[PDB]
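Notes for the one structure printed next.
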Amino acid sequence: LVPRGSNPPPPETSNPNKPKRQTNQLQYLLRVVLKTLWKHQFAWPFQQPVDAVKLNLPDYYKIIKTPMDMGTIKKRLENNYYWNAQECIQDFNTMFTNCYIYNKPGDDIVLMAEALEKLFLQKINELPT
Ligand SMILES: CCN1C(=O)c2cccc3c(S(=O)(=O)NCC4CCN(C(C)=O)CC4)ccc1c23
């Protein structure tokens, strides 16, 4: 009588068909950018996939078609899922914009996302060659 929602499987984090191509920029994204964002005071709501049921967001996956979270990004970096830094940056962008899409501009969670995004853009300015 009250819809409670339901969760998808989490996004894929490995691509076994792809060669292991390590780069300085991807190393930096894992060891500096991701780690720095992870430890920020506002990071915790973004560290794992949204649980629409336990968070009482029963329409979350109706609205958000491409979910993304920092735990998924961390695994993708660890597993060498990304071909380049741009792909990883795109996933951070998807994570922040999903928050802006689902929520209202004045919401606390949006202030948190904006702060993380500003820090992320600062850290991406410091990427290696
Ligand atoms: C980032 C994924 N995400 C959402 O988009 C979202 C919307 C509404 C609540 C919520 C939550 S939540 O844990 O239910 N509420 C987040 C609040 C919890 C209270 N706050 C703090 C700093 O202690 C502000 C952030 C987690 C992750 C979410 C959301």
Side-chain angles (χ1 to χ4, degrees):
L1 296 183
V2 181
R4 301 310 296 259
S6 107
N7 295 314
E12 187 54 81
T13 57
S14 59
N15 181 2
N17 305 317
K18 169 192 175 289
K20 186 173 196 274
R21 292 258 226 93
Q22 298 196 122
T23 78
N24 57 345
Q25 296 190 337
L26 287 166
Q27 273 275 258
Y28 176 80
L29 281 158
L30 181 57
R31 294 158 55 188
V32 175
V33 181
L34 184 286
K35 211 157 81 170
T36 301
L37 269 286
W38 193 279
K39 297 182 186 187
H40 191 278
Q41 61 181 322
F42 294 165
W44 67 266
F46 302 87
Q47 283 175 356
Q48 56 285 309
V50 166
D51 185 333
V53 179
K54 293 190 179 189
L55 298 179
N56 286 350
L57 304 177
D59 58 344
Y60 186 85
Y61 291 107
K62 184 160 169 189
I63 298 164
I64 299 300
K65 306 297 184 176
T66 306
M68 188 52 56
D69 64 280
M70 291 209 296
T72 295
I73 295 166
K74 177 174 177 282
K75 289 186 179 299
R76 286 178 173 193
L77 287 158
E78 291 161 349
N79 298 339
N80 204 236
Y81 181 90
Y82 302 119
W83 288 96
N84 60 45
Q86 184 174 127
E87 287 189 328
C88 175
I89 290 159
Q90 181 163 30
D91 278 351
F92 275 98
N93 182 73
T94 296
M95 177 180 73
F96 298 126
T97 58
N98 284 344
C99 185
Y100 308 151
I101 288 165
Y102 181 72
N103 302 289
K104 286 165 201 263
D107 287 349
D108 288 345
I109 194 74
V110 170
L111 183 149
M112 295 171 81
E114 285 174 2
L116 296 166
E117 185 181 35
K118 203 163 299 180
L119 173 58
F120 175 72
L121 288 170
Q122 290 167 346
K123 299 306 287 173
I124 296 296
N125 279 338
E126 308 154 5
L127 274 169
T129 313

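In this chain, residues are counted from 1 in sequence order. First listed ligand is number 1; within each ligand, the first listed atom is number 1. The basis for the numbers below is simple: all heavy atoms, side chains too, and nothing from hydrogens, waters or symmetry mates.
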Checklist line | Criterion side-chain contact (heavy atoms from CB on, under 4.5 Å) on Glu126 and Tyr28, from CA distance to verdict | finding: CA-CA 9 Å; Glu126 308 154 5; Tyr28 176 80; 2.8 Å; yes

Next item on the list: Run the salt-bridge test on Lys74 and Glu78 with the 4.0 Å N-O cut-off and return the result as yes or no.
Entry: yes

Notebook entry, point to check: Under 30°, 30 to 60°, or over 60°: which ring-plane class applies to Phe96 and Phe120, parallel, tilted or perpendicular?
Noted result: tilted

Check: For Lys123, which of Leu29, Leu34, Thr36 qualifies under side-chain contact (heavy atoms from CB on, under 4.5 Å)?
Finding: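 Passing option: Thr36.
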
Margin query: Is there a side-chain contact (heavy atoms from CB on, under 4.5 Å) between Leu26 and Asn84? Walk through the geometry before answering.
Written below: CA-CA 7 Å; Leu26 287 166; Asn84 60 45; 5.8 Å; no

Margin query: Assess the residue pair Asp69 and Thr72 against the criterion (side-chain hydrogen bond (donor to acceptor under 3.5 Å, both in side chains)); give the C-alpha distance rounded to whole Å, side-chain angles, the decisive distance to 0.1 Å, and a yes or no.
Written below: CA-CA 5 Å; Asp69 64 280; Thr72 295; 2.7 Å; yes

I'd like a table of the close N/O pairs between ligand 1 and the protein (anything under 3.5 Å), one pair per line with both atom names and the distance.
residue, atom, partner, partner atom, Å
ligand 1, 5 (O), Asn103, ND2, 3.1

